[PDB]
Structures are given as structure tokens and as C-alpha cells.
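Structure record follows, encoded as C-alpha cells.
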Amino acid sequence: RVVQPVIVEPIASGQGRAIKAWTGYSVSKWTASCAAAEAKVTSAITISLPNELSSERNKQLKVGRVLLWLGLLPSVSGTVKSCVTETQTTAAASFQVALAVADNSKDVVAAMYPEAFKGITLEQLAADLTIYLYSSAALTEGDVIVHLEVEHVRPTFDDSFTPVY
Amino acid sequence: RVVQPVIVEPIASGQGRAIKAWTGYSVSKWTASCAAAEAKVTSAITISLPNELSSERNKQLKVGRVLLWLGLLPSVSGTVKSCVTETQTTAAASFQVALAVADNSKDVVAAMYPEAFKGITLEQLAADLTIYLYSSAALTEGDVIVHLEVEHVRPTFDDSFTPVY
Amino acid sequence: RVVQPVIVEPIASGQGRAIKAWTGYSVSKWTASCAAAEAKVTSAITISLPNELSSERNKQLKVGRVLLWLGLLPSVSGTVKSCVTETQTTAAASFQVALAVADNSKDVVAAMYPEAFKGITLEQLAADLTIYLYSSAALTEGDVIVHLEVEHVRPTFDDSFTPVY
Amino acid sequence: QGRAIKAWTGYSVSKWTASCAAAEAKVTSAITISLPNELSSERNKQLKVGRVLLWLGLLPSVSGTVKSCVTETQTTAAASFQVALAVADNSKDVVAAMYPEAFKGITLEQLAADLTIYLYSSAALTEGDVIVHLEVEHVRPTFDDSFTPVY
Amino acid sequence: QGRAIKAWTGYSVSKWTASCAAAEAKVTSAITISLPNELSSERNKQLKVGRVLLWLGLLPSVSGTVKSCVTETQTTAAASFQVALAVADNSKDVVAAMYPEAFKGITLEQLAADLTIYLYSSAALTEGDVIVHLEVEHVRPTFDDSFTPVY
Amino acid sequence: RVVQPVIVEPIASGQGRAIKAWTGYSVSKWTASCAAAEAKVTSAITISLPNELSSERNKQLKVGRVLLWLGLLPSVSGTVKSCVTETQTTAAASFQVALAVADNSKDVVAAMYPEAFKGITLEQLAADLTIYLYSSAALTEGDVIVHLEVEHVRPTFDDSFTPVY
Amino acid sequence: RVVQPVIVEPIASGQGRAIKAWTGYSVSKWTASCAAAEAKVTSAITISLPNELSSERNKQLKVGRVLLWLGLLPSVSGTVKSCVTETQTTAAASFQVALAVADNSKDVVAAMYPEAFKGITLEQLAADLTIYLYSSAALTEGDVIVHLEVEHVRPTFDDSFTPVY
């Protein structure tokens, strides 16, 4: 064909398109503060369901896609990587089988899991999966905040009040 | 007319009809554990927004109806009353102006506020209103759990993931 | 408008209307004999699936509504209350979070749980929930029989014999 | 092939067990047929029976010949095997006894009242060495498609 | 005739093995059910189970009675044979155990977590004397009809 | 399908496309001069409404989207990052929860907040949020000018003069 | 013609599009753990069919496309390259004839072979081809996990149980 002249419009941080939750689903977003760790050590961070999702009913809600990203202190300088995989017997090995990895040495430091955990229950998510965090430099407790956004079926138990009697 | 013979079907605890949230609204339900208190003393319990509703955006969500009920230890025997009103300079006075009062010496021990606080923001709810608890007998910390169910506009900030960039 | 004269036909014990199970569901009913307990003590009674429902396959059946009622010896006189909640670290605390309570000091000594456990598995019901029983007076082993009626998906595993090859 | 016999429409199969009692070599013991709680209500005791299946679950180490059957209660336990319409024998390829016609039509109440299970072993038996499995097909309990009236 | 049971449409059969551990005469050993790598992803662990088949592959010279079964994990290994819904016995014409209904519907994850394989031999066993074969029918892995995203 | 040949027309600084305000809204743009700060220290800069928007009436205008960008002296060389978040108890922690960050080590040194503060009041924006500025190198007063562009409902209070009676 | 303005939406790790297998085909994915090796040495890794595909019948399935990617420990730092070629008499020579190479110094550390092995048998793939792994730095056993994804004709042998007579 004939060459199509295009012009790439620049976008600022925060302007990326947001991914909408599927119909009937909602995205629960929570965090975890990293524990201290020595240089080049891969730490395992347990996935714990936030209180509102711990009820007997709620922890049965189906999962959709999962997003993981890192929030670092502005002074953090090493290489920081993180991922979500099934619990490993060797933490560092998680990066060898992870389908996506959040790496700070990239233009976009997030890891998306569109299929990997789709369908499991919130309870299973917390029980079967683990978050792994690696830093080339030593980490002080709190140097990194792990952000986990889990899309799941919207609970309906709170679409009405408790019966008065 | 002609007398209509009817028969009143008995219902068990938990069978009362549940009140559905208005369209676009959802009901957030949280609790508070009573503090120790001497006999016949009316204690003031602060209304604090649960974490997920504390974000700058969320605390701006409009309120609908509010429901208040008490959860008592099975051994509690005095008269226990509670209500939600604008913060008073004299705690006990709240019961003199409250529009509804949860009283354990009643068949239904709940207090519903269909109009009283409709329209205020969640932030205002926590800032302007206070929960008051009275017991004819002395109370040990935790003898009573206050249940507050606040209907409010359903937040939409979590209907999608955070933009990756 | 026009006043409608009405006659309230009285009904005897046993004449209450029965609640039909949702289609595709059936109701399993079993009991548990209370353990001896001192006055005002609230005891925890384990929920154990009857043999017919213990199999690997049947314990996967989804739960619908749950009904709880008490069978007391004619001589039992104190105040007897009971409920079903997620297992508590403190037995007495169950009554503070229960959404329904079977109280013998009422015309209907039963408690219904229409939404609380809807959707969990029969195995989860037995693993995550507990029945709590309180009496103002001391109880001797067997003074109270707890009746648990669990609505769940109709078991298909029992629509055939064990294969004879 | 490896298929299970499906219950007739309107019927379902209740399966329960009984743990054998200790017994001396070559003795034939009588085991009572007791309806499980789920079928003990006066209403459920009236459900009509269809086909009945009896099989044995033995400890792997249990040796010797073990036989069992279901028949009308006998005056002499051992005589049951002479009139039984099927016998579960652990020395055969299929250690089960199927009764497709024998008790068809009686009520669960009659099944428990008129029939008895008999167990024989050429070797002495220790309590629990054999678990007797009884699967009774009967019409679905209508009474159990609803909750008990709260009042 | 000599035909294989075909998997239900939408389902496929995964077949894997386990080598028995050494064991003394008449001892019942417990063998863990571990999903093969091909089915270990969190997604594949959720595939629903259909029918299950268990059979034994023994050295030709292995003598004595060898029995095996699949049941919910037991407190007492030997007790498994008393409740097993099928037993693979090398002293029978067909040394296999088919479970067409027992575990239908659970996920592969539950199969590996809730069930256990039990193996008994009247004679002592040397590590590897018996190869246990487990064939599990489950829904086809959707996740495996495409490559992993390169990015 | 068919490969489409394309030519990427290069664009100069200033040629980026401007984002139009939602109808009924307008964009107020003001700045703040950074305070002197030591290397790697992240400083908090207060958000103060310009006089035109301080009035009792104008400070009630609802906020839409917020844009933040940096104006550095040509000689500034370190790594300079900035963000807008709810006021932190620890300044540096802001970057761990910010949804966008203006980084001078990028082609676009700006940060956009499309949903984070949407709906709050202009007064709340100034009261509840803070601007955080970090530099790998020491900063002397004024080395960086913070540009804050706040989209808000068009002010109607300024559509008339103060009444002259 | 007319210049078309465009915005390049950034994507996170894991958001890449998956390649669907040809109809009638399926993709088998297995791995191999690298052996210890000295710096700059290129090692040969045998391709072994997983058990499910070793049977006389399944090893006859025709191969389609082949994908190769690497899973490295987060701490691995050298240059790591890998490829799939017909077995070489000299390991290092493989990279000189490979049509694709997985290089960790690239944005996509994977190599695709769309035509090279199309049509050969699964058994031939294991017998005639080898995976080669090179690292600029010394490798210790397990530092790298090689992921091989082989598209082949859907196995029909596994659509039935072993006959039970």
C-alpha cells in the first residue's frame, strides 16, 4: 500500500488506559510491606485476604485476572523484581516459572496474570499462591510496598441490610 | 364487609425480610467492641470509617439509610439500649432526641434510620454522628458488640485495575 | 379507606407451614446431643456430616439455607439459646455475631440462616462452622438435642449402586 | 464395562454399613439390619424397596473363606446360605450379592424387621475384621424436600 | 469384546505411575497421589475429574497376593480396603479397580489432596517390585491449546 | 493480513496534544517553588489554593483530573521525582502509593491523576493532599518549580462583580 | 496523505498475546534444568519427551511449531543465550546455524521455530534436535530452566483408558 504517516502522541505517567473489570466482577486492591532482606535474597510474602473478603461466603468468590506492581522508596536503587506463582519449595525458583514478572528496570514495572489464576476461589488464591520479592541490594523493612489487585466476582451479601428479626 | 379469616404463619429468628439497598448503593457493615462501663452509664463510641472507605474519593460517598443493632454475650442480663445521633455534649441525652433506639428488651432489638442521615457524606457520618451505648448493669470490655450497617453509594474506583503506566 | 374486619384463626403446634427446598436441592436433617455443661457456660458443638454425606463426592455439594432448632427434655427450665456461626476463638462471642438465634424463651425456638452460608461446600460447613449452645442453668449430657437441617444440592452419587464390575 | 447400576427414576440408593462381631472359625453370625437415622422417621420407614446389594469390605490380610447373604430371618443361621438368592463370597471373582427381585416392594421397615444379614468365615474373626455393606434402593423420601415447620 | 473405555467428549485421560516402596509382608503402605507436571499449573489443577482407573504392573516373578485401592486418606492404612469402592487384586481374573462414580466431579487438586493409594502384599516387597498405574479422566486442559505469551 | 507501511513523523517539544477539560470544567494552573533540601531527601510541599479560589464559595468547586509537572533550572542534574498523594506520615512513602510519578529521567516529566481525586472539593484537595519532591542531588531553594494543574467545575462566583448595593 | 495521530498504550509483563495452536494440534510444555557450566561455555541439553508422550504411539505425533524460552534465577547476571538446532558436533556452532535465538539481553527472551521442524515426528524431535545453552558467566546447576513448548498433533491415544478386557 501507500505509506501511512503517523505521529506518536506522548503520554504522561498515569495516563495509561485502565483495564475495566469484567461485568459482575470488581477489583479488590490491597498491599503488603516488604520484610527486611539481604542483598540478592528472594523473600516469600504470604497472600492474605483482607478482612471484608474473609467471610465464609466471600472467600468462595471466583477470581478473574490479577495484577501485581511495586511501590518503591524514591531512593531505592538496586534491581527489584517480583512475581506471583504457586508456592515454591525454593523462593528464588519462582522467577524461573512465573508467567509474568514485575521488574523496576522496565518502562512498565507491573506483572499481569490474565489467565494463570482465573477461576480459582479467593480462598485458593491465598492458600495456593505466594508473592516473591527480590532485590539486588539489601532491603530495609518497608523499602518496598507490594500492590496486589485481584479481580473477582462482586459479592452480593452486602446488597442489603441484615434482617431486623 | 365480610370478615376475612386469616392465619398468622410463625417465623423463626433470621427469617425477617431483608431490606435491599437502593440501586447504585451498597451496604457496608462493620462493628465496634464496647468499652468497660459502670452500671447505668452511657458511653460514647466513635464512628470510624473502615479502611477501604477511607480513601479521599470514598469518604465522599453519599449515605442512604443506616441500621444499628446489638450483639450481646448470652449471659448479659441488664437493660441494654443504643442509638446513633449527632454528637452530644451529654452522652445520656442522646436517647432523649434519638429518632430510633435499639433496645434489648424488645422483640426486635434494632434501630433503623431511614431519613435522619440520608444525604450526608461518609466522612460527615464519621465526623458528625456518634454511637451511644447504655446498660443498666456494669459492662466488661467486649460484653457488647455494636453493629453498624451504613448504606451508601457504591464506589466505582475499584471497577477497574490501576493503569499499568 | 374501608376498615376490613378480620378473624385470626388460631393454629396448633405442628400446623406451621413447611419451607420447600429450592429445586435441585434437598434437605438433610441430623442431630447432636449436648454435652454436660455448667450454668451460663456456652459450649461448642462440632458439626459433623452424617455418613451418607461424608464421601469425597457428596461432601462437595453446595449448601443453600440452614435451619437450627432445639429439642429439650420437658423438664429443662432455664434459658436456652443456640446459634450457628463461623468457629469462634471464644464460644460466647458467637451470639454477638450470629445473624439468628434459637431461643427457647420465644414462641418459635428456631433459627434460620438464608444467606450466611449459601454457596459453601458441605465439607466447609462442617469444617468452618460450629454450633454454640448456652443455658442459664447447668445442663447434664443429653438435656438438649440440637437439630441441624441443611439444604444442599441433591446428591447424584446416590442415584446408583456401587459398581459390581 | 465398568458402569454402576442406575437407580430407577423416583428411587435413590441408601448405602450403610455394619462392623462384624468377633466369631469363632466356621461359625455363622447373624447381623441385624438397622435403618440409618436418615430413614428412621415413621414416614421414611414406609418407602418401598427396589433392588438390594450386599458386599463385604475385608482387611487385606484376612484369609480364609468369608461368605455373607441377606435372607428372611432363619431359625438356624447357617441354613440361610441354603436358601439365599445370592451370596457374597470372597473366593469368587465378584465378592458381592445382588438381590434384584427378592425384596422388591416391601417397605424399609419390613426390610429391617423381616430380613437378617448372615456372615460366615472359615477362620476366626476379630471384631471389625469385616465391614458389611448394604445398599438398598428405595423411593425418594418426599418428606425430605423441605424443612421441618418452625412451629 | 477387547475395547477401551472412551473418555467423555470434552475429557481426556491422563495416565501416570508410581513405583512401590519396600515393605514387609502383610503391611499396607500408603502411596501419595501426586499430579504429573503437565497438570501441576494452578489452572490445570482445577480440571474436573470423571472416572478413575487403578491397576498394578508387577514383575512376573512376584508371588503372593497383592491388592491395591484408592480411597479418601485413612487413619489406618489397612482399613482402606474395607471401604474401597473397588480393589485391584492380582489373584482375580482382572487385576484392576475402576471408579466410575466415586470421585466424579472433584478437581485434580482435590484428587491429589484428599485421596491416597494403598498397596498391600502378603509377601515382603522390594522397592520397585510393583508399579502402580493411575489413569484419571478429566476435562481437557483449555490452557494447553496455545503457547505461553512471549511477553 | 497485509503489512501496512508506516512513517513515524517526528514531533518537537511543545507539539504534544493538549487535553481539553470536561465541559462545565476549567483548568486552574499555579506553581510552588521548591525549598532547599539535602541529597536523596524527599520534601513535602503544601498545596495552597491561589487567592481566586480561596473564597468560601470557590473552594467548594469539585475537582476532576489533576496534572503535575516539573520546571527545572537548566543546570539541575540529579534524578528528580515528584508526585501527589494523600498526606503521608512519612514523606518518602508517598512514592510507594502514588498512582503516577513525574520523573525527569523520562521523555515526559509529568504525572496525571485522572481518577484518584475526582469528586473531592477544591478545599479538600488543598487540605488532604500534598506534593512530594525528591532529588538524588541536593537542591537549593528554587531549583525546581512545581506546576500543578487542577481541573475543577467552572467557577460561577466570578461571573459578576461584588455588589455595589 | 493525512497524518494519523496515535497513542501507544503501554503493556505490562504477561499482557502479550498468546499464539493459538493450529486446529487438530495441542501444545505440550515441559522443562529442563541446566547443568553447571563454566563461563562462556555452551552446553548441550538433551530433549527428552515427557512420559505422557513417550509411548510407541504418542511419539509418532507430527510436530508443528516450537517455542523456547528461559527461566533465570533473579540473580543471574551474565549474557544467556539458547537455541534449538539439529544436534551439532560442536555445541557452540549451533548458534551459527540456528534460525532463532533466545537472548536474555532482549525485551523478549524467547525463540520461535515456525517451519524448521514442522512435520517431523515427536520422537525425531527428541532424537535429532538438541537444546544449546550459553552463558557469559559461569552457571551453577539449576541457574537456568529451559522451557520447551512443542506444538504437535493432538494425541488420540489418551482419549480412552487402558482396556480392562
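Going by the C-alpha cells order, chains are called A, B, ..., each with residues numbered from 1, while ligands are numbered from 1 in the order shown.
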
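Here the DSSP assignment of alpha helix (DSSP H), based on backbone atoms, applies within stretch 44-114 of chain D to residues 80, 81, 82, 83, 108, 109, 110, 111, 112, 113 and 114 of chain D.
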
Requested in this report: Write out as a VMD selection string all residues of stretch 6-103 of chain D that backbone DSSP assigns to strand (DSSP E or B).
Outcome: chain D and resid 6 11 to 19 23 28 to 32 48 to 58 66 to 72 88 to 89 96 to 99

Could the residues in this selection be written to a file with N, CA and C atoms, as a compact mmCIF listing (two decimals), in the first residue's frame?
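Final file, selection13.txt:
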# COMPACT_ATOMS: atom_id res chain seq x y z
N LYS D 6 -27.78 -47.81 37.59
CA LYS D 6 -28.52 -46.60 37.95
C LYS D 6 -29.86 -46.94 38.60
N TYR D 11 -36.50 -43.30 42.53
CA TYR D 11 -35.79 -44.07 43.54
C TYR D 11 -34.38 -43.52 43.75
N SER D 12 -33.79 -43.87 44.88
CA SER D 12 -32.42 -43.48 45.18
C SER D 12 -31.84 -44.64 45.99
N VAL D 13 -30.52 -44.69 46.09
CA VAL D 13 -29.88 -45.78 46.82
C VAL D 13 -29.25 -45.32 48.13
N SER D 14 -29.67 -45.93 49.23
CA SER D 14 -29.09 -45.61 50.53
C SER D 14 -28.05 -46.68 50.82
N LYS D 15 -26.86 -46.25 51.22
CA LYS D 15 -25.78 -47.19 51.50
C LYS D 15 -25.26 -47.02 52.92
N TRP D 16 -25.27 -48.10 53.70
CA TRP D 16 -24.74 -48.02 55.05
C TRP D 16 -24.00 -49.29 55.40
N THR D 17 -23.32 -49.28 56.53
CA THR D 17 -22.52 -50.44 56.92
C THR D 17 -22.77 -50.97 58.32
N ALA D 18 -22.06 -52.04 58.63
CA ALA D 18 -22.12 -52.71 59.92
C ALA D 18 -20.77 -53.38 60.12
N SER D 19 -20.20 -53.27 61.31
CA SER D 19 -18.90 -53.88 61.59
C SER D 19 -19.13 -55.26 62.20
N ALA D 23 -16.05 -63.74 66.08
CA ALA D 23 -16.72 -65.02 65.94
C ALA D 23 -15.69 -66.12 65.74
N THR D 28 -21.51 -69.16 61.85
CA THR D 28 -22.29 -68.23 61.04
C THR D 28 -22.98 -67.27 62.01
N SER D 29 -22.64 -65.99 61.93
CA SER D 29 -23.22 -64.99 62.83
C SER D 29 -24.35 -64.23 62.17
N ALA D 30 -25.32 -63.82 62.98
CA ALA D 30 -26.45 -63.05 62.47
C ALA D 30 -26.20 -61.58 62.79
N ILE D 31 -26.39 -60.73 61.79
CA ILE D 31 -26.21 -59.30 61.95
C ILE D 31 -27.55 -58.63 61.67
N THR D 32 -28.00 -57.82 62.61
CA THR D 32 -29.27 -57.13 62.46
C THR D 32 -29.22 -56.01 61.42
N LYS D 48 -40.95 -47.76 49.69
CA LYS D 48 -40.85 -49.07 49.05
C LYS D 48 -39.44 -49.37 48.58
N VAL D 49 -39.03 -50.62 48.77
CA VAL D 49 -37.72 -51.09 48.37
C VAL D 49 -37.71 -51.54 46.91
N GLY D 50 -36.56 -51.40 46.26
CA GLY D 50 -36.42 -51.83 44.88
C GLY D 50 -35.42 -52.97 44.92
N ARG D 51 -34.21 -52.71 44.43
CA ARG D 51 -33.16 -53.72 44.43
C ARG D 51 -32.25 -53.54 45.64
N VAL D 52 -31.63 -54.63 46.08
CA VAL D 52 -30.73 -54.60 47.23
C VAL D 52 -29.39 -55.22 46.85
N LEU D 53 -28.31 -54.63 47.37
CA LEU D 53 -26.96 -55.09 47.09
C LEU D 53 -26.20 -55.25 48.40
N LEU D 54 -25.50 -56.36 48.53
CA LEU D 54 -24.70 -56.64 49.72
C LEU D 54 -23.29 -57.00 49.31
N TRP D 55 -22.30 -56.37 49.94
CA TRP D 55 -20.91 -56.69 49.66
C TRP D 55 -20.07 -56.57 50.92
N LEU D 56 -18.90 -57.19 50.90
CA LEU D 56 -18.02 -57.19 52.05
C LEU D 56 -16.73 -56.42 51.84
N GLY D 57 -16.29 -55.73 52.89
CA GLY D 57 -15.04 -54.99 52.85
C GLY D 57 -14.17 -55.64 53.91
N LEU D 58 -13.16 -56.39 53.50
CA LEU D 58 -12.30 -57.07 54.47
C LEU D 58 -10.92 -56.46 54.57
N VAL D 66 -14.79 -66.25 53.38
CA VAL D 66 -15.78 -65.42 54.04
C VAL D 66 -16.98 -65.33 53.11
N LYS D 67 -18.16 -65.65 53.63
CA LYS D 67 -19.39 -65.61 52.85
C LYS D 67 -20.46 -64.85 53.60
N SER D 68 -21.37 -64.22 52.87
CA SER D 68 -22.43 -63.47 53.51
C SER D 68 -23.66 -63.39 52.62
N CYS D 69 -24.83 -63.21 53.23
CA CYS D 69 -26.06 -63.11 52.46
C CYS D 69 -27.15 -62.42 53.25
N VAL D 70 -28.24 -62.10 52.56
CA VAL D 70 -29.40 -61.47 53.17
C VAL D 70 -30.59 -62.37 52.88
N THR D 71 -31.28 -62.82 53.92
CA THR D 71 -32.45 -63.66 53.73
C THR D 71 -33.44 -63.38 54.85
N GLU D 72 -34.62 -63.97 54.77
CA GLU D 72 -35.62 -63.80 55.82
C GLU D 72 -34.94 -64.40 57.04
N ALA D 88 -22.47 -63.43 48.82
CA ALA D 88 -21.23 -62.69 48.61
C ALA D 88 -20.14 -63.62 49.11
N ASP D 89 -19.27 -64.06 48.21
CA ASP D 89 -18.21 -64.99 48.57
C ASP D 89 -16.88 -64.37 48.16
N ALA D 96 -19.74 -60.02 45.83
CA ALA D 96 -20.98 -59.30 46.10
C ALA D 96 -22.21 -60.19 45.90
N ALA D 97 -23.35 -59.74 46.42
CA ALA D 97 -24.62 -60.45 46.30
C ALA D 97 -25.69 -59.44 45.92
N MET D 98 -26.24 -59.56 44.72
CA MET D 98 -27.27 -58.62 44.27
C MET D 98 -28.65 -59.29 44.32
N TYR D 99 -29.62 -58.59 44.90
CA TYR D 99 -30.98 -59.09 45.03
C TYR D 99 -31.93 -58.17 44.27

Report task. Considering only C-alpha atoms, extract the chain A residues located within 8 Å of chain G and return them as a ChimeraX atom specification. Result -> /A:4-11,16-17,40,81,92-93,95-97,99-102,108-114,134,136

May I have the residues within 8 Å of residue F:138 as a compact mmCIF listing (two decimals) with N, CA and C atoms, in the first residue's frame, using only C-alpha atoms and disregarding those fewer than 3 positions away in the same chain?
# COMPACT_ATOMS: atom_id res chain seq x y z
N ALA F 36 14.95 24.43 49.83
CA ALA F 36 16.27 23.82 49.76
C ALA F 36 16.13 22.46 50.45
N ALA F 37 16.87 21.47 49.98
CA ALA F 37 16.80 20.14 50.57
C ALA F 37 18.09 19.38 50.31
N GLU F 38 18.45 18.49 51.22
CA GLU F 38 19.67 17.71 51.05
C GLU F 38 19.47 16.57 50.07
N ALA F 39 20.57 15.99 49.63
CA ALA F 39 20.51 14.89 48.67
C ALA F 39 19.67 13.73 49.17
N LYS F 40 18.95 13.12 48.24
CA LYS F 40 18.09 11.96 48.50
C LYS F 40 16.96 12.16 49.50
N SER F 135 14.99 14.48 45.16
CA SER F 135 16.12 14.71 44.27
C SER F 135 17.31 13.88 44.76

Query - Counting only C-alpha atoms, chain D residues within 7 Å of chain C, as a PyMOL selection string - result: chain D and resi 2-7+12-14+135+144-151

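The space between atom CA of residue G:55 and atom CA of residue G:119 spans 18.7 Å.
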
Select, as an mmCIF file with C-alpha atoms, in the first residue's frame, those residues of chain E with any atom no more than 8 Å from chain D (distances computed using only C-alpha atoms).
data_model
loop_
_atom_site.group_PDB
_atom_site.id
_atom_site.type_symbol
_atom_site.label_atom_id
_atom_site.label_comp_id
_atom_site.auth_asym_id
_atom_site.auth_seq_id
_atom_site.Cartn_x
_atom_site.Cartn_y
_atom_site.Cartn_z
ATOM 1 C CA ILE E 5 -13.493 -47.268 27.517
ATOM 2 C CA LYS E 26 1.268 -58.208 55.043
ATOM 3 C CA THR E 28 -0.363 -51.979 53.862
ATOM 4 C CA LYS E 67 -4.018 -55.754 46.459
ATOM 5 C CA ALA E 78 -5.272 -51.364 56.094
ATOM 6 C CA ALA E 79 -8.804 -50.064 56.765
ATOM 7 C CA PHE E 81 -9.720 -51.965 51.789
ATOM 8 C CA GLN E 82 -12.824 -52.184 53.944
ATOM 9 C CA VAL E 83 -14.366 -49.072 52.454
ATOM 10 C CA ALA E 84 -12.795 -49.043 48.979
ATOM 11 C CA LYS E 92 -8.575 -62.188 40.344
ATOM 12 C CA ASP E 93 -9.046 -62.511 36.587
ATOM 13 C CA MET E 98 -12.384 -48.912 38.227
ATOM 14 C CA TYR E 99 -14.025 -45.946 39.994
ATOM 15 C CA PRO E 100 -16.729 -44.664 37.609
ATOM 16 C CA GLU E 101 -18.650 -42.643 40.224
ATOM 17 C CA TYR E 120 -0.791 -54.477 50.247
ATOM 18 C CA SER E 122 1.125 -60.923 51.530
#

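The gap separating atom CA of residue B:123 from atom CA of residue B:57 is 10.2 Å, in Å to one decimal.
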
Report task. Between atom CA of residue D:76 and atom CA of residue D:106, measure the distance and give it in Å to one decimal. Result -> 23.5 Å

Report task. Tell me which protein, DNA and RNA residues are within 8 Å of residue E:25, counting only C-alpha atoms, leaving out same-chain ones fewer than 2 positions away, and put them as a list in words. Result ->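 In the requested format, the answer is residues 23, 27, 121, 122, 123, 124 and 125 of chain E.
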
Any chance you can output those residues with N, CA and C atoms as a PDB file, in the first residue's frame?
ATOM      1  N   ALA E  23       8.482 -52.915  51.510  1.00  0.00           N
ATOM      2  CA  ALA E  23       7.549 -53.085  52.616  1.00  0.00           C
ATOM      3  C   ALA E  23       7.579 -54.525  53.098  1.00  0.00           C
ATOM      4  N   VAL E  27       2.028 -55.909  55.244  1.00  0.00           N
ATOM      5  CA  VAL E  27       1.920 -54.497  55.600  1.00  0.00           C
ATOM      6  C   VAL E  27       1.211 -53.741  54.471  1.00  0.00           C
ATOM      7  N   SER E 121       0.670 -56.412  50.196  1.00  0.00           N
ATOM      8  CA  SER E 121       1.247 -57.632  49.640  1.00  0.00           C
ATOM      9  C   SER E 121       1.405 -58.644  50.764  1.00  0.00           C
ATOM     10  N   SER E 122       1.012 -59.887  50.512  1.00  0.00           N
ATOM     11  CA  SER E 122       1.125 -60.923  51.530  1.00  0.00           C
ATOM     12  C   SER E 122       2.593 -61.248  51.769  1.00  0.00           C
ATOM     13  N   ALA E 123       3.422 -60.991  50.762  1.00  0.00           N
ATOM     14  CA  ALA E 123       4.856 -61.242  50.856  1.00  0.00           C
ATOM     15  C   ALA E 123       5.597 -59.910  50.941  1.00  0.00           C
ATOM     16  N   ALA E 124       6.843 -59.941  51.402  1.00  0.00           N
ATOM     17  CA  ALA E 124       7.624 -58.715  51.509  1.00  0.00           C
ATOM     18  C   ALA E 124       7.834 -58.162  50.108  1.00  0.00           C
ATOM     19  N   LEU E 125       7.924 -56.841  50.003  1.00  0.00           N
ATOM     20  CA  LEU E 125       8.124 -56.187  48.720  1.00  0.00           C
ATOM     21  C   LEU E 125       9.433 -55.435  48.674  1.00  0.00           C
TER      22      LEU E 125
END

Requested in this report: Extract, using only C-alpha atoms, all DNA, RNA and protein residues at most 12 Å from residue C:48, discarding same-chain residues fewer than 4 positions from it, and format them as a list in words.
Outcome: residues 29, 30, 31, 32, 52, 53, 54, 59, 122, 123, 124, 125, 126, 127, 128, 129, 130, 131, 148 and 150 of chain C

I need the chosen residues saved as a CSV table (one decimal), in the first residue's frame, with N, CA and C atoms.
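File result-v3.csv, as written:
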chain,number,residue,atom,x,y,z
C,29,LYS,N,-31.3,-33.7,57.4
C,29,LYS,CA,-31.5,-33.3,58.8
C,29,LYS,C,-30.9,-34.3,59.8
C,30,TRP,N,-30.0,-33.8,60.6
C,30,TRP,CA,-29.4,-34.7,61.6
C,30,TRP,C,-29.3,-34.0,62.9
C,31,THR,N,-28.9,-34.7,64.0
C,31,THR,CA,-28.8,-34.1,65.3
C,31,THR,C,-27.5,-34.3,66.0
C,32,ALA,N,-27.4,-33.7,67.2
C,32,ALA,CA,-26.3,-33.8,68.1
C,32,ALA,C,-26.8,-33.7,69.5
C,52,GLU,N,-23.7,-40.7,55.1
C,52,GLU,CA,-24.3,-40.6,53.8
C,52,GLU,C,-23.6,-39.4,53.0
C,53,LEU,N,-23.2,-38.3,53.7
C,53,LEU,CA,-22.7,-37.2,53.1
C,53,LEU,C,-21.2,-37.0,53.3
C,54,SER,N,-20.5,-37.9,53.9
C,54,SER,CA,-19.0,-37.8,54.2
C,54,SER,C,-18.2,-38.1,53.0
C,59,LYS,N,-19.5,-34.6,50.0
C,59,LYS,CA,-19.1,-33.5,50.8
C,59,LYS,C,-18.8,-32.3,49.9
C,122,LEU,N,-20.5,-28.6,51.5
C,122,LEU,CA,-20.9,-29.3,52.7
C,122,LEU,C,-19.8,-29.6,53.6
C,123,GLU,N,-18.6,-29.8,53.1
C,123,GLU,CA,-17.4,-30.1,53.8
C,123,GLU,C,-16.9,-28.8,54.5
C,124,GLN,N,-17.1,-27.7,53.9
C,124,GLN,CA,-16.7,-26.4,54.5
C,124,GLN,C,-17.6,-26.1,55.7
C,125,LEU,N,-18.9,-26.4,55.5
C,125,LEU,CA,-19.9,-26.2,56.5
C,125,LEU,C,-19.4,-26.9,57.8
C,126,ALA,N,-19.0,-28.2,57.7
C,126,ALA,CA,-18.6,-28.9,58.8
C,126,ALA,C,-17.2,-28.5,59.4
C,127,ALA,N,-16.3,-28.0,58.5
C,127,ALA,CA,-15.0,-27.6,58.8
C,127,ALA,C,-14.9,-26.1,59.4
C,128,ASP,N,-15.7,-25.2,58.8
C,128,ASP,CA,-15.6,-23.8,59.2
C,128,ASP,C,-16.6,-23.3,60.2
C,129,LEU,N,-17.8,-24.0,60.3
C,129,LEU,CA,-18.8,-23.5,61.2
C,129,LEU,C,-18.9,-24.4,62.5
C,130,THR,N,-19.5,-23.8,63.5
C,130,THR,CA,-19.7,-24.5,64.8
C,130,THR,C,-21.1,-24.2,65.3
C,131,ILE,N,-21.7,-25.1,66.1
C,131,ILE,CA,-23.0,-24.8,66.7
C,131,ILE,C,-22.6,-24.5,68.2
C,148,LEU,N,-30.1,-29.9,63.3
C,148,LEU,CA,-29.5,-29.1,62.2
C,148,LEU,C,-30.1,-29.6,60.9
C,150,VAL,N,-29.8,-28.9,56.9
C,150,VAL,CA,-29.0,-28.3,55.9
C,150,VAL,C,-29.5,-28.6,54.5
